[PDB]
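See structure below.
Numbers restart at 1 for each chain; the letters A, B, ... are given by sequence-line order, proteins then strands. All values below were derived from every heavy atom in this structure, side-chain atoms included, with hydrogens, water molecules and symmetry-related copies excluded.
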Amino acid sequence: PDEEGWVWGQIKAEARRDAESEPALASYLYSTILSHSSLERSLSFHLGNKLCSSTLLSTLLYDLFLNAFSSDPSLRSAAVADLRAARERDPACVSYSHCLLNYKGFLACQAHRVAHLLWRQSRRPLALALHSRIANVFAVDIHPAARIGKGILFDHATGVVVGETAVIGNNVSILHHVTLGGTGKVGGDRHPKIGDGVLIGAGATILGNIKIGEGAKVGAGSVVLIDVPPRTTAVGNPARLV
Amino acid sequence: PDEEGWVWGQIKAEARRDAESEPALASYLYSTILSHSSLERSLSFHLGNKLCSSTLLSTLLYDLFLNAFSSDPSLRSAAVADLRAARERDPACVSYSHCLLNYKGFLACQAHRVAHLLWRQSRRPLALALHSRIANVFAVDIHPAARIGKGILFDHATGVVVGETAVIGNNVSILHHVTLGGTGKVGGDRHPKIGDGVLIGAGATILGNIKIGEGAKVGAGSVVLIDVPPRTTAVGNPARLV
Amino acid sequence: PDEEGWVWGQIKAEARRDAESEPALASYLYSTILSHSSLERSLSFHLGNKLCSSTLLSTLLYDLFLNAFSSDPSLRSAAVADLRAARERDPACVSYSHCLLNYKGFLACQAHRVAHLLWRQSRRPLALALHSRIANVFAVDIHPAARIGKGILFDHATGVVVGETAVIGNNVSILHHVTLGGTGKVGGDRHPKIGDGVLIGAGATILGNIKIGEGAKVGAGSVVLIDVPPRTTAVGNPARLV
């Protein structure tokens, strides 16, 4: 009945249709989704399997993710907001279950939120180990110390880089090959601050500690080295306001 | 004696020389190539091993690929054409066996052709699962619904993105970090149409449903937002005709 | 007491602190670092685990790397120089142990040096197999025939491409998504020559056999198609001297 409850209900219904139509995937859909009663448990199960390695057991990571989601209401809210963001804004128009299972941006983002929590809980070696796996597996390189809001859309997430001192607001869309990073300058605050509702086009590079205002749009291929005011469009190399 | 037969003959001879010279690779070359009597079986064997996961057994994928190649003459023709394309046009000048075994663009492309067939056979969940693995393993993100011709050259394929509604003709070369994608606009026909014999330079971004004419060339780093006429060169950000 | 000895001493001390603070990582830190008495053995152990596959046993790769480091004093010097380069120049300010364990650029680079040695020892099939794994695992595509110096910094190494005929001097910094590659022209010397102490900014593309002079800087997003004189800055698409 509630928002999360309804979304989870949709995920199960969709998974059940997919399991019935594709016997090669039926058991995996059962073990990941249909055998569970919550989004948190299914997401944790899936992330544990996706990110496991010889260093990190899938059952260990499953525990880690599940504990984090069960302990932290804001992580659950963020996951549902990000599922909604994909359902609403994804150009390829995703079902909830396909986003949950297959969307690398979405999955990397939820896993990053747990890495960020570890980082804040003074478990930085583990935060960094998790970060390394997320990069390995989802081609998403978001430093655990980066701050990101919710309702985030990560389209063709491969090669996304978000630096250590970056800040990303709510309802931001980050397309393919976006770099939110630095000049090569050593130390300190050196990564961009991205306002709510910003759209960053494919291949855009945004460098230095500059501001990208609320609702602004960055055109594809742009190299943005200056502050972009709210509700404006910046495009070009170097980027200029349009 | 036939074209495929001769190419396969070359692959075996080359593999045999490599197996004799490198004992660390001899068994793998035997199991993948020398123990088989066809290109289809060896390619299926190799793709099954490359793309397997805890979700998808290598023997299952081996069956899937082998069935597709045995059922679909055009898939076999495309694989041989793509092997020829690499042999003829690859700047690094590849042998047939090294292309078959090591070239990520070539392998991802053949696997994509099978994903495209599944998509057309109304096995879309499996098409998408296969697509996800191809992206995972070969750093090639071609949506199963994309249409691609044959004789395709994928140089430094890592980070290649080809969107859902893209169309690529025959004898096209797609270099490193090319994006054939969209603006962020939701739904519908939103990805480029690439004519026969087009060369797309490294890091080029081509967005929207625009036309890239036969024989055209796109310079490296270009952001192409307009139609490019046949036999012309477009370069720049934004791209202009030269 | 010696330089390598001191750096290795720091690595062990750091690993020991991390193992004490994070029980999830303690055994892995013990098996990789604390149970060994040299940087070479620990790096070989780690690279063997990172790069192993169904084709290549971790114990085989461990042997391969260890033999190379034990046989080749210049490989050991290069590894220490690259550790120093990260410690000194990395904007994210890395500890030695975190660089050794987690930095993909550093690890891919050391593994590449061994691939380059194999290539020179007429073990090219194995050099290429190793190269393929390095690309797979570290998202670093450096052809085994490429020549690179030491003191190299590879920031956000994902999607780095260095072509077959490229030459990179000492104390070079190569940031995210740099391409040192070619036009699409087939055969011959077709990749850039990078002087000592050059800084190449994020997303820069440098194509053709051109010269990038000592101490030069290439701005982010640049497409460099001409020779850059020493101690100068090139920026733009196409790049111009500033």
Side-chain angles (χ1 to χ4, degrees), chain A residues 184 186, chain C residues 2-11 38-44 46-47 64-121 127 130-131 134 138 140-157 160-175 178 180 191-200 206 211-218 230:
Chain A
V186 188
Chain C
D2 61 284
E3 172 71 354
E4 178 175 336
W6 184 83
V7 171
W8 167 241
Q10 296 295 287
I11 292 173
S38 70
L39 169 65
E40 290 73 19
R41 188 161 207 111
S42 301
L43 174 58
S44 299
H46 192 47
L47 284 174
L64 176 77
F65 291 123
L66 189 44
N67 290 341
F69 284 116
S70 306
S71 282
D72 193 341
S74 64
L75 289 185
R76 307 191 298 264
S77 301
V80 169
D82 287 352
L83 278 168
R84 270 211 313 274
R87 187 70 184 90
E88 297 173 354
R89 277 184 261 141
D90 176 51
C93 310
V94 288
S95 79
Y96 288 118
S97 67
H98 290 170
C99 182
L100 168 61
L101 296 163
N102 298 329
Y103 263 38
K104 289 167 170 52
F106 168 81
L107 288 168
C109 190
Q110 309 326 307
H112 167 264
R113 295 183 197 282
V114 175
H116 182 70
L117 182 61
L118 291 168
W119 181 270
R120 294 179 64 252
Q121 294 170 339
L130 175 51
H131 163 253
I134 295 165
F138 293 129
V140 173
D141 173 11
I142 307 173
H143 191 280
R147 295 174 49 213
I148 64 182
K150 56 189 181 188
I152 310 301
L153 185 74
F154 270 116
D155 176 64
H156 305 103
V160 164
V161 170
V162 176
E164 179 170 21
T165 63
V167 176
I168 301 179
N170 304 307
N171 306 305
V172 170
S173 298
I174 305 146
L175 306 195
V178 162
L180 306 175
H191 302 131
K193 313 299 181 280
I194 313 297
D196 295 341
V198 166
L199 167 64
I200 309 169
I206 309 180
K211 209 184 340 182
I212 307 297
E214 274 178 350
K217 296 163 59 183
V218 172

Requested in this report: Please name all residues satisfying side-chain hydrogen bond (donor to acceptor under 3.5 Å, both in side chains) with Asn67(C), sequence neighbours left out, ordered by chain then number.
Outcome: none

Query raised in the report: If you take all heavy atoms of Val162(C) and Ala146(C), which pair is closest and at what distance?
Result: CG1-CB, 4.0 Å

Query raised in the report: Which atoms form the tightest heavy-atom contact between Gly213(C) and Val198(C), and what is the distance?
Result: O-CG2, 3.1 Å

Query raised in the report: Is there side-chain contact between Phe69(C) and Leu64(C), with heavy atoms separated by less than 4.5 Å?
Result: no

Query raised in the report: For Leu101(C), does its backbone N or O pair with a side-chain atom of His46(C) as donor and acceptor, under 3.5 Å?
Result: yes

Query raised in the report: To the nearest 0.5 Å, how far apart are CG in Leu107(C) and SG in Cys99(C)?
Result: 7.0 Å

Report task. Grab the two heavy atoms, one from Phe154(C) and one from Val160(C), that are nearest each other, plus how far apart they are. Result -> CE2-CG1, 3.8 Å

**Report entry** Where at least one partner belongs to residues 102-117 of chain C, residue pairs that pass salt bridge (charged side-chain N to carboxylate O under 4.0 Å, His left out), sequence neighbours excluded
**Finding:** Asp82(C)-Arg113(C)

Query raised in the report: Of the non-hydrogen atoms in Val186(A) and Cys93(C), which two are nearest, and what is the gap between them?
Result: CG1-SG, 4.0 Å

Requested in this report: To the nearest 0.5 angstrom, please state how far the CD1 atom of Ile152(C) sits from the CD atom of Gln110(C).
Outcome: 9.5 Å

Query raised in the report: Is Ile212(C) close to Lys193(C) at the side-chain level, that is, under 4.5 Å between some pair of heavy atoms?
Result: no

Report summary line: For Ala79(C) and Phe106(C) the tightest heavy-atom approach is O-CE1, 3.6 Å

**Report entry** 4.5 Å side-chain heavy-atom contact, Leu117(C) and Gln121(C)
**Finding:** yes

**Report entry** Full working for side chain to side chain contact (heavy atoms under 4.5 Å, CB included) between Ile206(C) and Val178(C)
**Finding:** CA-CA 8 Å; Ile206(C) 309 180; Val178(C) 162; 5.5 Å; no

Query raised in the report: To the nearest 0.5 Å, how far apart are OH in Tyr103(C) and CG in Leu153(C)?
Result: 8.5 Å

Query raised in the report: Residues in salt bridge (charged side-chain N to carboxylate O under 4.0 Å, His left out) with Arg84(C), at least two apart?
Result: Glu3(C)

Show every donor-acceptor pair shorter than 3.5 Å between a side-chain atom in residues 167-174 of chain C and any protein atom, with sequence neighbours excluded, or say none if there are none.
from	atom 1	to	atom 2	distance (Å)
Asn170(C)	OD1	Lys150(C)	N	3.0
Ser173(C)	OG	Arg89(C)	NH1	3.3

Query raised in the report: How many angstroms lie between OG in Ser97(C) and CH2 in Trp8(C), if you round to the nearest 0.5 Å?
Result: 10.0 Å

Query - Residues forming a side-chain hydrogen bond (donor to acceptor under 3.5 Å, both in side chains) with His191(C), sequence neighbours excluded - result: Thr165(C)

Query raised in the report: Excluding sequence neighbours, so at least two apart, what forms side-chain hydrogen bond (donor to acceptor under 3.5 Å, both in side chains) with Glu40(C)?
Result: none

Query - Minimum-distance pair of heavy atoms, taken over all atoms of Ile11(C) and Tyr96(C) - result: CG1-CB, 3.5 Å

Requested in this report: Would you check if the distance from the ring center of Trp119(C) to the ring center of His131(C) is below 6.0 Å?
Outcome: no

Query - Distance in Å, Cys109(C) SG paired with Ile142(C) CD1, rounded so as to fall on 0.5 Å steps - result: 5.5 Å

Query raised in the report: Taking atom NE2 of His116(C) and atom CG of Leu130(C), what is their separation to the nearest 0.5 Å?
Result: 13.0 Å

